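Colleague: If you scroll down you'll find the structure; I have some questions about it.
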Ligand SMILES: NS(=O)(=O)c1ccc(NC(=S)Nc2ccc(F)cc2)cc1
Ligand SMILES: [Zn+2]
């Protein structure tokens, strides 16, 4: 697999190796805020990150992932649309070459500068690899980023990026608290979807927060200094690593709020 985000290997090409790219529950999607309906059946959302144990940060050639110890129930997501318990495994971002693009989900066609994805797997399936084969295997918490004031809780991530510039580089990243990446409100939209990168598996319950977080121009500029390429290869800046909105088809987006 040589997929990426370029003209020659980007989202318009993915279907050839991954035919589910044209499936019935692909992500991301545009969230039409007028058509999303308030759902009183949604239980309260519970984000329990007090015991989260970060381990490492990795440039995987597509984004960077902050990885967690998921060998026990240390950082979990429950409630909302979810049945049972979902364990945090990693977070990553998608972002643009400029501040007017970068998010995967859109809100009434508005694109944000970036989007954070906190990835969790359903513990009833035992491991991540088994969970991704199930329709209710993952829950991804999506948070929009807009450019304005700096996000203090992001700065530790920004400051380590110089050490993982190129594909395959990693750095120890212990003691990072993901609580510092959340907005105040947990109001959200939810719908059934997919991974937004190959293999595009239709295993995700998406939970997209309504309230963006603010980050500074300086913070996002540092994301844009990363490289898709490996060390000693021609430089290709890691920007515009987002998939565009996909057809909603036979899905409804539910709102947790009135
Ligand atoms: N952008 S996203 O939808 O949140 C997203 C979240 C997670 C992943 N894949 C990961 S962590 N590894 C993986 C490896 C082998 C598989 F067969 C399936 C997934 C991709 C996209
Ligand atoms: Zn993602």
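Note that chain A is numbered according to Swiss-Prot, with residues 3-260 shown in order.
Backbone N, Cα and C atoms are what each Cβ position is placed from, and that goes for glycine too.
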Colleague: For the feature phosphoserine in Swiss-Prot, which residue out of 105, 172 does the record point to?
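Modeller: Record lookup, Swiss-Prot, feature phosphoserine, residue 172.
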Colleague: From the candidates 119, 122, give the one listed by Swiss-Prot for the same Zn(2+) site as 94, 96.
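Modeller: Among the candidates, Swiss-Prot records only 119 at this Zn(2+) site.
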Colleague: Which one of 73, 165, 218 gets the tag phosphoserine in Swiss-Prot?
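Modeller: Record lookup, Swiss-Prot, feature phosphoserine, residue 165.
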Colleague: Setting 94, 96, 119 aside, what same-chain residues sit with their Cβ within 8 Å of the center of the Cβ atoms that define the Zn(2+) site, listed in sequence order?
Modeller: 65, 93, 95, 106, 117, 118, 198
Colleague: Ligand 2: which of the recorded positions 7, 64, 67, 119, 172 have a Cβ closer than 6 angstroms to it?
Modeller: 119
Colleague: Name the one residue among 62, 64, 119 whose Cα is closest in three-dimensional space to that of residue 7 (site 'Fine-tunes the proton-transfer properties of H-64'); these are the recorded positions.
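Modeller: Minimum Cα distance from residue 7 (site 'Fine-tunes the proton-transfer properties of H-64') across 62, 64, 119 lands on 64.
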